[PDB]
Amino acid sequence: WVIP
Amino acid sequence: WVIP
Amino acid sequence: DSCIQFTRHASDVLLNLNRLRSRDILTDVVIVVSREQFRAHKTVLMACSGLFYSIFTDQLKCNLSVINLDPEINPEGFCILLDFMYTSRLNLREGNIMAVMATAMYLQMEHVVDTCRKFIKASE
Amino acid sequence: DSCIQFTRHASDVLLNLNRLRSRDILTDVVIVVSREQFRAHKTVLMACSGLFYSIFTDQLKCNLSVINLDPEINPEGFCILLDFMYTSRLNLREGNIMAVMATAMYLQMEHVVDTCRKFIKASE
Ligand SMILES: N#Cc1c(Cl)ncnc1Nc1ccc2c(c1)CC(=O)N2
Ligand SMILES: N#Cc1c(Cl)ncnc1Nc1ccc2c(c1)CC(=O)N2
Ligand SMILES: [Cl-]
Ligand SMILES: [Cl-]
Ligand SMILES: [Cl-]
Ligand SMILES: [Cl-]
């Protein structure tokens, strides 16, 4: 999971 | 396009 | 093999599947979550959820145009997860995390359940 | 928005769509290319090809279960492109490049046409  |  | 790969292809396919959903093009099922209805493509639902994969590989249920979810399922939690299925983006907030996690557990979406557990553990 | 994103989601969706295609699950059209037939999902074809997007948004053609391609279309070229649609991987070879490019032009798959033009220009 990432900060897009 | 890339070499996968 | 000696194939070349187009990095953005999968993302572009999903963007187009979401555009088709927004315009209600070739949607083949309506998911009913208490008073709310959500139109979708069975193949995308199966590709994202262990529960839908089981439902639509069933010889009788594969032919249904309406699927009714358990009455304990929260429509907003379902909406957030349906958006995630079509975009890879999860709108996870303090006010919805419990509903999102409970819905992801029911839908059998392990990666969502995992990030919800991690975000909850960080706040305790 | 304040969304989080699952990097592998789009790739995992496409992998599952390909698994459904391989098992002939919820495929809703057969593409006929001279003596050959290819089963697929209309939504994936539309999401990858300008030609299929046009065909399946047509009020009459959207309901067809069989689509016959132009007799000049090479089945192997079509097979390579159908595999690309479901995997992001293009099996581009000296022996098939002309057929692949001609099929990608007909199917309106601009990124494939682009890499074919580049590979051809490099060999001249
Ligand atoms: N459509 C399809 C499909 C196929 Cl073909 N093969 C394998 N899994 C499929 N989908 C599916 C099954 C289980 C789970 C998910 C997706 C996400 C998750 O957390 N559990
Ligand atoms: N399905 C869908 C779709 C939608 Cl909804 N919106 C916009 N394009 C869509 N698909 C589509 C249209 C034109 C082309 C491609 C795909 C690849 C290419 O080279 N040309
Ligand atoms: Cl029904
Ligand atoms: Cl997931
Ligand atoms: Cl027909
Ligand atoms: Cl393309």
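Numbers restart at 1 for each chain; the letters A, B, ... are given by sequence-line order, proteins then strands. Every heavy atom of this structure was used, including side-chain atoms; hydrogens, water molecules and symmetry mates were not.
With a 4.5 Å cut-off on non-hydrogen atoms, C/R93 touches chain D through its side chain but not through its backbone. At a 4.5 Å heavy-atom cutoff, C/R8 makes no contact with chain D through either its backbone or its side chain. Of the atoms belonging to D/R23, it is side-chain heavy atoms, and not backbone ones, that fall under 4.5 Å from chain C. In this structure, chain D has a heavy atom under 4.5 Å from the side chain of C/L20, while its backbone stays farther away.
If you take SG on C/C48 and CG on D/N16, they are separated by 8.0 Å, rounding to the nearest 0.5 Å. Rounded to the nearest 0.5 Å, atoms CG (D/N91) and SG (C/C3) are 4.5 Å apart. Once rounded to the nearest 0.5 Å, the distance linking NE2 of C/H9 with CZ of D/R89 reads 12.5 Å.
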Using side-chain contact (heavy atoms from CB on, under 4.5 Å), reason through D/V13 and C/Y86 one step at a time and then give a plain yes or no.
CA-CA 9 Å; D/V13 167; C/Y86 278 88; over 6 Å; no
Mind running side-chain contact (heavy atoms from CB on, under 4.5 Å) on D/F119 and C/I4 for me, showing each step along the way?
CA-CA 11 Å; D/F119 275 49; C/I4 56 173; 4.0 Å; yes
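For C/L26 against D/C62, the heavy-atom pair with the smallest separation is CD2-O, 4.3 Å.
Ranking C/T7, C/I25, C/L17 against chain D, the residue ahead of the rest is C/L17, based on heavy-atom pairs under 4.5 Å. Each of D/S11, D/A47, D/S88 has some count of heavy-atom pairs under 4.5 Å with chain C, and the biggest count is that of D/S88. Between chain C and the residues D/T87, D/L14, D/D12, D/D28, the most heavy-atom pairs under 4.5 angstrom are made by D/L14.
Heavy-atom contacts from other residues, nucleotides or ligands closer than 6.0 Å to CD of C/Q5 number more than 12.
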